[PDB]
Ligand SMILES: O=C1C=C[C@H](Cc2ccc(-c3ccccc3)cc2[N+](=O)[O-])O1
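One chain comes next, on its own, written out as structure tokens in the form solved without the named molecule.
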């Protein structure tokens, strides 16, 4: 199918119990490689890539469509409808947590639970909210992307992944970052880092499990609490004693058991 080719959709197993996993900026569905082995016995598992990932065709990246996170949420519902999925657990890494939230506002019936890893509704600080970034440092970030994309990827990957700067996960993320087309990377980085989901959190109704590393470049721990306090749905937080924004890839021994408990157990 067109949709499923374009998003590199992969479906493993069958049956009603279904889990759909959405990745964050700069990576692709391979971020889930240490989680999926533990899901396939119990669930139909659905993997897909966001439009604009380096594994996707840049001719399909419609700048107007993806200038709002809504564009991605429409892609997610389309995939679910294409696959005839009437209900799933959705696991959203980084921006995909907010993409799943938006999709659940339009179609809450499609989701029984959202499990967020490394989520944030707002990165920019204001006098009454800490998201982790001042606008001036975002401006410098974007200028670096603009001036030398390879150099930016090499410097950003170790910061994002955390841990040892020479690790396999840092190398993997370095590689997936650099596989994006530089103009798409710049555009999507701006859209995500300038986003603001805070105002819609009270309207969420699907239960949410809010998971993050205690040390995350892009997600201060107070953001987990902000999500918990302001989401309209039932929610639970668990901060993991791990480092990094992609901790399911880089620290699976400590992280995967936590994710599995939240998938397998309801609030």
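Positions refer to the first chain, counted from 1.
One more form of this protein exists, namely the form deposited with the named molecule bound; it is left out here, but the text below deals with it.
Would you say all of 25, 145 and 185 touch the named molecule in the bound PDB entry, counting a heavy atom within 4.5 Å as a touch? Yes, the whole trio is in contact, each within 4.5 Å by some heavy atom.
Heavy atom to heavy atom, is residue 180 within 4.5 Å of the named molecule in the bound PDB entry? Yes - in the bound PDB entry, heavy atoms of residue 180 and the named molecule come within 4.5 Å of each other.
Hey, in the bound PDB entry, does residue 240 get a heavy atom within 4.5 angstroms of the named molecule? No.
Residue 74 within 4.5 Å of the named molecule in the bound PDB entry, heavy atoms: Contact check for residue 74: no, nothing within 4.5 Å of the named molecule in the bound PDB entry.
When the contact criterion is heavy atoms within 4.5 Å, does residue 123 count as touching the named molecule in the bound PDB entry? Residue-level check for residue 123: yes, a contact with the named molecule.
Which of 190 to 198, 98 to 106, 77 to 85, 163 to 171 has heavy atoms within 4.5 Å of the named molecule in the bound PDB entry? In the other structure, the partner sits against 190 to 198.
In the bound PDB entry, the residue from 223, 218, 47, 206 that sits within 4.5 Å of the named molecule by heavy atoms: Answer to the contact question: 218.
Heavy atom within 4.5 Å of the named molecule in the bound PDB entry: which residues of 232 to 267 qualify? The stretch touches the partner through 245 alone.
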